[PDB]
Amino acid sequence: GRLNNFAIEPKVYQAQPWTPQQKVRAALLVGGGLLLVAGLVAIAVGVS
Amino acid sequence: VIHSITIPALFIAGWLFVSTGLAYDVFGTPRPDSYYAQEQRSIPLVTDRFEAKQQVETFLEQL
Amino acid sequence: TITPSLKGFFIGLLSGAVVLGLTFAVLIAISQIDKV
Amino acid sequence: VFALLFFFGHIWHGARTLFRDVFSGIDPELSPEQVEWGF
Amino acid sequence: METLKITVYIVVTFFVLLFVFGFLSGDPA
Amino acid sequence: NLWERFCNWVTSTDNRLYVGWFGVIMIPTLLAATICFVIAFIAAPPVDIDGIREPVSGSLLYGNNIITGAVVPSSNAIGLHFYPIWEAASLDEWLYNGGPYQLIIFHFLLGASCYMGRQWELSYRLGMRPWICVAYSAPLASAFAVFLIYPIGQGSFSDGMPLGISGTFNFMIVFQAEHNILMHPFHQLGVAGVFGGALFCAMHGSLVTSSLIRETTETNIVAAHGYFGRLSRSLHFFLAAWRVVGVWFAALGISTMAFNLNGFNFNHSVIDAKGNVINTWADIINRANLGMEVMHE
Amino acid sequence: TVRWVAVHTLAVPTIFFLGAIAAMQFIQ
Amino acid sequence: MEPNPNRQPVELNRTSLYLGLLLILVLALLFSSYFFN
Amino acid sequence: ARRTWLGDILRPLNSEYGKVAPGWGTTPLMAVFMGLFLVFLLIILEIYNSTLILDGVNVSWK
Amino acid sequence: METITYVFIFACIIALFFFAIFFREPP
Amino acid sequence: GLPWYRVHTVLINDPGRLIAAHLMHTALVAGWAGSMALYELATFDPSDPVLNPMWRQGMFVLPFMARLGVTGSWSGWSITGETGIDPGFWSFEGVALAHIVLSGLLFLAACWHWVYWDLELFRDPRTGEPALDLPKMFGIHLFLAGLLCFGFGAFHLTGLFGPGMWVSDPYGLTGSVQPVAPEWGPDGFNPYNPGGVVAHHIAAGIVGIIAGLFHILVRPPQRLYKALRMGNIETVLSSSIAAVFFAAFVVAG
Amino acid sequence: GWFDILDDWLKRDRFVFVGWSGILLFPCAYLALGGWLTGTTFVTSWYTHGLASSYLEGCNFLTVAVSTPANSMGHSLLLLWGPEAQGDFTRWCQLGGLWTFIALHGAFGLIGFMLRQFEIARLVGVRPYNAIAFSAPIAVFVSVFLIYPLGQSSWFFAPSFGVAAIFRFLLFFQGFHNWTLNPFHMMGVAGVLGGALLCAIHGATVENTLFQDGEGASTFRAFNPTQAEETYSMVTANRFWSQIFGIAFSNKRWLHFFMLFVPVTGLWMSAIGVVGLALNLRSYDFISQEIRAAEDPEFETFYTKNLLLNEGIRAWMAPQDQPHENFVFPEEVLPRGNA
Amino acid sequence: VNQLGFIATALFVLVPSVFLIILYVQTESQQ
Amino acid sequence: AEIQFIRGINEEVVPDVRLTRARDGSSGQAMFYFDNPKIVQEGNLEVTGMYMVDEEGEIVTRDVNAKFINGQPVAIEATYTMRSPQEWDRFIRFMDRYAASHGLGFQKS
Ligand code: CLA
Ligand code: CLA
Ligand code: CLA
Ligand code: CLA
Ligand SMILES: CCCCCCCCCCCCCCCC(=O)O[C@H](COC(=O)CCCCCCCCCCCC)CO[C@@H]1O[C@@H](CO)[C@H](O)[C@H](O)[C@@H]1O
Ligand SMILES: CC(C)=CCC/C(C)=C/CC/C(C)=C/CC/C(C)=C\CC/C(C)=C/CC/C(C)=C/CC/C(C)=C/CC1=CC(=O)C(C)=C(C)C1=O
Ligand SMILES: CC1=C(/C=C/C(C)=C/C=C/C(C)=C/C=C/C=C(C)/C=C/C=C(C)/C=C/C2=C(C)CCCC2(C)C)C(C)(C)CCC1
Ligand SMILES: CC1=C(/C=C/C(C)=C/C=C/C(C)=C/C=C/C=C(C)/C=C/C=C(C)/C=C/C2=C(C)CCCC2(C)C)C(C)(C)CCC1
Ligand SMILES: CCCCCCCCCCCCO[C@@H]1O[C@H](CO)[C@@H](O[C@H]2O[C@H](CO)[C@@H](O)[C@H](O)[C@H]2O)[C@H](O)[C@H]1O
Ligand SMILES: [Cl-]
Ligand SMILES: [Fe+2]
């Protein structure tokens, strides 16, 4: 009689090869993050 | 199935470990005459941490 | 510099890495032999 | 005390996670909108 | 004290005699 | 005419609780020891367990709580004597000398023996085998050894176990200082039986709960045990027989410590050629036992 | 390579240690 | 609109009530002495 | 359902719900990074336990 | 006040024993 | 039909009421922090810091305020004991009323997320079922945690924008809140060096930002997606309980 | 090629199962048991404790122990390559490093055994309630052998892996901690005693209310993971215990969850108590009882008699159990009952 | 002697028992 | 074209099967219902799962629980899930090879 509750997992599908739309957003992620960390080591020098 | 290559050579390997006096040297257990020194009634407890090995081998020259 | 403690730590790390690589290499070779 | 009790909470929840299909009775990789066939 | 003594003696004889009597006599019906 | 209405009411298994012919003795004795235990735990005067005039105040209204409260055993002046109320001179002399302890342990030991009889009685009336009776005999023998047999061997009812939480700890500490119970092997079989009984309880519980799917009753009982394990039917006889004979052994272990055949004192086992004594782990235990033994005068 | 290690890792120091223990009784 | 269809009811039968009341009452009888000190 | 403003702004992030990389992916990189974290945690424990004493590192209140 | 808290918890335990034996839940 | 120990599990299949329960739990923690700070502000004796300090009076929440820089109250004393200063807004009372109004705001947002539970953000557009992108969620949460770790270390504890932390002598005689410089080198792993804490939040913030960008751009492999049961919400709770009991053992040590 | 061949070799059918968990279990378990056997056979305790605790020094099975390290070691890990022994196996066996060897290996062997229970249950396809019931001996081992010395001075105050050393540990917790008066300890005693009591009653009544006693005993096919639970009747046992005790189970599931539940909870509460006793946060005294003992000197309960016995255990066991403190107690300061 | 130690015992008795009693008289109304 | 409970021994009692499929032709198991099988009577061995031997390999179903009435096992109900179409067509092939050899209805709803 006692009920329970579990999680409904989404369907497992493999990642396709990308397109320009998602490739240029991955590029604007990586090229953003590299100059972000390049600024952060400069702040790390300027506080030490 | 049948296996009688060397059972009782291991028994003499265990007998000659203790009877010759090798186990006292390997495991560092003191001999029954060699607990205390010839003059003092003190127990050689390790009092240091990084001088403890030198403390035990400093005690073992009193014997 | 390299201390005796740091060098003994290197001895312990290399012997642990060895035992951990040797156990998996023996198990991988024995699993590749008995491949049914 | 809280870290020792949270160790038991980890055991119980990892066991509930990995053993979902036997704790529930319904495998998680089948879609729930299932019909039937007969044999 | 003898008013509590013969009172307790009456109850212990009353219960052990009832236990012995009911154990044996009265097994059917 | 009227007796058969009573002989039908007693012997019927269609009751809520089965009051047998053993229940005829079991009910007033276990009611008398219960009501005297609640009275002598809440409100009871101090009792000198020794023969001096410094008495042990064990009751709740004399400055105790649930942990430290007890029903204090009888005096050393009484010993193994039978002490009812009419044997005493007054009621205050009975209460000062530990008479409630004798009253409670005699009615409790009589009512627990008739509890074993009532278990066997109903079993025979229900058409069952007699094992339950047997298995309850192990805490029954353990309670008989701690309230009767050890006072018989030591010669006084002051050496019986007190009826309190802290009095049990005092009994255990004083018993270890006198007898060295921890190195006595019949006690070690009791620890192995109790530890193994808890182990097999948790292990047997977990292995069933994990292998039982559904079970119903029409209200023809049905159960669908999920079988098939990985790589006769005597699991429950071993499950009963491990903890039982373990508790039996430690019951007759303290029954042999009653007559002072006690434990194992490995007193100066190891030696040195210079007339020197090298201690072991037994000398530390015997060194502690001399701690608690000297404080017990 | 087989369950023959159960004799090579549990019976060899067992027979060695029983030889040591049987030698240990004839001391002093 | 939809009232979040998930609100399953809570059961607690009488034998669960007796077991929980026994647990709370003997825990208070155990810890009362230490709370009163 | 409700199509709020933040539901339309934060959507691309809750969009690939079960999208997996095929095969083993980046698991050897994860394994050598877990081994590096294990050696790091070891060094830090043996510095605090003082079973790895360094030059200029005095593990006390000084 | 200190004693009567212990007696009150013990009396509620006995009252729970009475309600558990005789007012038990039917199958 | 649910037993008493399973009543919270109705939030497994709805990401918005789980937000509502988490927002309420956080409203409870912030309300305890404000209330504990107010109760310790009431029963405090700041008249003798030599022989009656805050560890002698049972003050538990007081030292975690004073460790990060909160010296002084609005009544006109200090933890160091100078009996007149202007601390500004950020006194003990200021941060207590800040956590009180934060607890109220998180309760109001918990009420909004409990009423408006069914959004488009929690559903997939294809199926009707609610689904969360956990392998990604860990990337945005790790990017935010590394950004706040680097911000707190590189700006607070250096004193470039902030007070310092509590630094003392080896015997606890002269100690106050001073800005401390990050220690690069092997002395930063000395636990009694305060520079290693700053160097630690700079470095671990940079590694957290790098790894959060790694998950925001790289999907998990199929092998450990099916092995570690991702897509279930309960593996996240498992491994989070693992990290939090590791962390509780480290702070007890 | 790489991984699934090793995975299919480990999970293969054999005399013993050795999964992925066996690589953690079997070296750690084998080395912990072997280090205990080579420590009780050969290794002394003379340089740490000042005792003789091996078969080589002429001890029996009860008085051997692989004793704890010295108090000057602190909470050092005592590695063989570490800064204390420095590769010397004689000095590592003399300084007590075999204790830390056996303790860390017992920790990782218990980790590997509970992973083995999860792996076998993930194979057989059952719910892993045995690994949830094994959370209690792991918590007892972690709270006693690891957390208690890590909260105390060093590894010296820990159980020293013997029989008589375990009895010394029980007497030490009675004398120095008043550990019988702890309520978490009392819940531990009640969990273990209720489990053994549940074990005996359950065995007594399944063996009694069997479906086929002996007369028309058609021996049906029995499977081992049912733990023989088809063979007895639930209705006869419920009818027995509703009339004997007035309370009885009517589930075969709740009864066995109760048998899972009682000693694991008991063992988990005593783990919480020993974790509190690591910081000397014990349940030693009732404060108003101390005030009533100080008010009039003719007040005596069994608790105030127990405190004098703990004082006796402390002051008489203390110069020998703690020889690094160098306690010189004269006979005049030792507590006697005739004083 | 604690004055507020009696409140702890009353809050330990009452608060889980009020939860179980509300849960039981709320489940008998519609289970 | 057989069904085994103990590898080496075969089940000579035809099971009542109830196949089920997801609407996306991806997943779906098969609730078996062996009504008084020969493994239930005697044997005294140990079942390690339902083994479904064939010519294209073998399909193992670990979910195998037996139903008892009053101490007596009467019925063994097993369930096997698919979770992929490459095992679904393998199971329908093993089903066509079984229903050719023992005689089964396939009354599709
Ligand atoms: C982040 C930590 C965390 C979270 C979010 C959860 C969440 C969950 N747990 Mg897990 N668990 C945890 C840690 C956690 N647990 C820990 C540390 C343990 C060991 C103590 C457990 C042991 C555990 C078990 C054994 C079970 C769960 C279950 C559950 C589920 C239902 C809970 C419920 O309805 O209780 C309802 C609870 C009540 C109505 C009252 C509980 C009252 C407690 C005992 C005393 C009062 C606590 C006090 C208010 C809180 C202060 C907490 C603070 C000091 C930590 C839910 C998914 C259940 C399950 O899996 O369902 C399928 C389940 O059976 N948990
Ligand atoms: C009794 C101990 C124990 C047990 C039985 C489990 C069991 C489980 N864990 Mg937990 N876990 C534990 C302790 C344990 N864990 C500890 C202490 C941590 C660190 C906080 C974790 C962190 C953890 C995470 C983050 C996850 C699990 C998960 C799991 C599940 C899958 C198996 C797994 O990942 O194993 C993990 C493997 C081990 C515990 C074995 C570790 C062996 C180490 C590497 C040996 C190290 C030797 C050391 C270097 C020697 C030096 C000692 C030094 C003192 C000198 C399962 C429920 C996963 C899960 O829940 O999936 C749903 C999951 O995501 N575990
Ligand atoms: C130069 C860069 C730098 C510097 C100077 C530091 C400096 C520090 N780090 Mg940080 N770190 C860095 C970069 C850095 N870090 C990076 C890039 C990362 C990765 C994101 C980390 C991740 C990290 C972690 C995960 C930890 C540190 C910790 C520390 C501190 C170590 C001293 C200490 O008190 O340990 C005390 C802690 C230990 C000695 C670790 C104990 C390990 C245990 C024993 C593992 C097993 C636990 C398990 C649950 C079982 C316990 C059983 C038990 C109950 C008996 C110190 C502030 C530690 C810390 O927070 O201390 C407060 C810590 O745990 N760091
Ligand atoms: C998680 C990381 C973290 C933590 C715990 C702290 C903690 C602290 N900071 Mg540090 N800090 C950090 C990261 C962190 N900081 C970063 C990343 C930076 C760079 C931006 C700083 C830079 C910084 C400065 C420049 C200052 C602090 C100060 C403080 C202290 C007072 C603030 C407070 O209690 O707010 C608690 C906040 C809440 C409970 C949230 C409440 C939010 C709602 C809207 C309610 C608002 C209430 C209130 C009415 C608003 C206050 C108005 C105020 C701006 C004047 C406190 C010890 C101050 C200090 O020195 O005090 C002595 C101070 O001047 N910090
Ligand atoms: C002064 C200090 C006293 C300390 C406490 C001492 C009493 C301990 C007694 C045993 C505890 C419970 C163990 C069984 C657990 C269980 O679950 O028994 C249940 C009854 O529980 C209950 O009714 C809980 C109340 C216990 C009353 C005890 C009365 C004892 C009789 C005294 C007079 C004897 C002539 C009923 O069984 C189950 O009840 C339900 C549980 O979900 C389900 O229906 C199950 O399928 C199953 O039927
Ligand atoms: C007043 C005074 C001096 C003291 C009072 C203070 C007290 C009591 C303090 C102690 C507080 C306690 C006990 C704290 C511990 C709590 C804890 C951690 C665990 C509790 C363990 C526990 C619940 C034990 C009870 C076990 C028990 C009595 C079981 C009996 C169950 C039973 C009757 C089974 C019979 C039975 C068996 C069977 O096999 C079948 C088939 C059927 C149908 C049956 O009915
Ligand atoms: C029993 C106990 C416990 C537990 C405890 C707890 C858990 C507690 C909690 C506590 C808490 C948890 C508290 C809280 C509080 C809170 C508060 C107090 C809040 C408040 C709030 C407010 C006041 C707000 C307001 C408002 C609003 C509403 C809106 C906005 C505005 C304003 C601000 C107006 C333990 C076992 C551990 C220990 C012992 C004791
Ligand atoms: C520590 C260490 C190690 C290890 C080693 C080992 C692992 C060893 C092993 C060992 C072993 C493994 C041993 C074994 C042993 C055994 C024994 C010792 C046995 C005995 C037996 C007996 C004695 C018997 C008895 C009896 C009984 C039981 C009853 C009846 C009667 C009789 C008598 C028959 C190493 C080097 C690696 C490294 C370093 C450290
Ligand atoms: C069949 C069982 C029969 C059992 C009979 C007893 C059952 C009921 C006992 C309840 C206990 C009440 O007992 C009563 O407690 C109060 C404390 O509140 C005691 O009072 C005592 O402590 C209070 C503190 O509160 C002091 O002010 C007072 O000087 C002191 O005498 C009374 O002296 C006692 O008469
Ligand atoms: Cl005494
Ligand atoms: Fe059973």
# chains A, B, ... in the order shown; residues from 1 in each chain; ligands from 1
>>> residues_around(residues="range 11-19 of chain C", least_positions_apart="3", cutoff="9 Å", atoms="only C-alpha atoms", output="ChimeraX atom specification")
/C:6-8,22-24 /I:39 /L:79-82
>>> residues_near_ligand(ligand="ligand 11", cutoff="7 Å", atoms="only C-alpha atoms and all ligand atoms", output="ChimeraX atom specification")
/F:204,208 /L:202,227,229,256
>>> atom_distance(atom1="atom 2 (C, counted along the ligand's line) of ligand 8", atom2="CA of residue 17 in chain L")
24.9 Å
>>> atom_distance(atom1="CA of residue 141 in chain L", atom2="atom 12 (C, counted along the ligand's line) of ligand 6")
22.6 Å
>>> select_by_dssp(residues="chain M", states="helix (DSSP H, G or I)", output="NGL selection string")
:M and (5-25)
>>> residues_near_ligand(ligand="ligand 7", cutoff="7 Å", atoms="only C-alpha atoms and all ligand atoms", output="PyMOL selection string")
chain K and resi 28-29+31-32+35+100-101+103-105+107-108
>>> write_last_selection(atoms="N, CA and C atoms", output="short mmCIF file (atom, residue, chain, number, x, y, z; two decimals), in the first residue's frame")
data_model
loop_
_atom_site.label_atom_id
_atom_site.label_comp_id
_atom_site.auth_asym_id
_atom_site.auth_seq_id
_atom_site.Cartn_x
_atom_site.Cartn_y
_atom_site.Cartn_z
N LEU K 28 15.64 29.43 6.44
CA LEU K 28 15.76 28.94 7.81
C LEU K 28 17.19 29.07 8.35
N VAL K 29 18.19 28.76 7.52
CA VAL K 29 19.59 28.87 7.94
C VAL K 29 19.99 30.34 8.14
N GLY K 31 17.89 32.79 8.87
CA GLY K 31 17.17 33.26 10.03
C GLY K 31 17.76 32.80 11.34
N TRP K 32 18.31 31.57 11.37
CA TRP K 32 19.07 31.11 12.53
C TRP K 32 20.33 31.94 12.73
N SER K 35 19.25 35.30 14.13
CA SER K 35 18.73 35.13 15.48
C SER K 35 19.82 34.76 16.47
N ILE K 100 18.49 38.68 8.67
CA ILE K 100 17.05 38.65 8.95
C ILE K 100 16.24 39.06 7.72
N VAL K 101 16.63 40.17 7.07
CA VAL K 101 15.92 40.57 5.86
C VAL K 101 16.23 39.66 4.67
N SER K 103 16.57 36.34 5.12
CA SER K 103 15.67 35.23 5.43
C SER K 103 14.23 35.52 5.02
N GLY K 104 13.80 36.77 5.21
CA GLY K 104 12.47 37.16 4.74
C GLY K 104 12.33 37.17 3.23
N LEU K 105 13.36 37.64 2.52
CA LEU K 105 13.33 37.65 1.05
C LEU K 105 13.36 36.24 0.47
N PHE K 107 12.18 33.60 2.02
CA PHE K 107 10.87 33.02 2.30
C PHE K 107 9.83 33.48 1.28
N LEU K 108 9.88 34.76 0.87
CA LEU K 108 8.95 35.26 -0.14
C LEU K 108 9.20 34.62 -1.50
#
>>> residues_around(residues="range 24-30 of chain B", least_positions_apart="5", cutoff="7 Å", atoms="only C-alpha atoms", output="list in words")
residues 35 of chain B; 42, 43, 44, 90, 93 and 94 of chain L
>>> residues_near_ligand(ligand="ligand 6", cutoff="8 Å", atoms="only C-alpha atoms and all ligand atoms", output="MDAnalysis selection string")
(chainID F and resid 66:67 69:70 163:165) or (chainID H and resid 23 26:27 29:30) or (chainID J and resid 10) or (chainID L and resid 186:195 197:198 201:206 233:242 245 247:252 255 262:263 265:267 269)
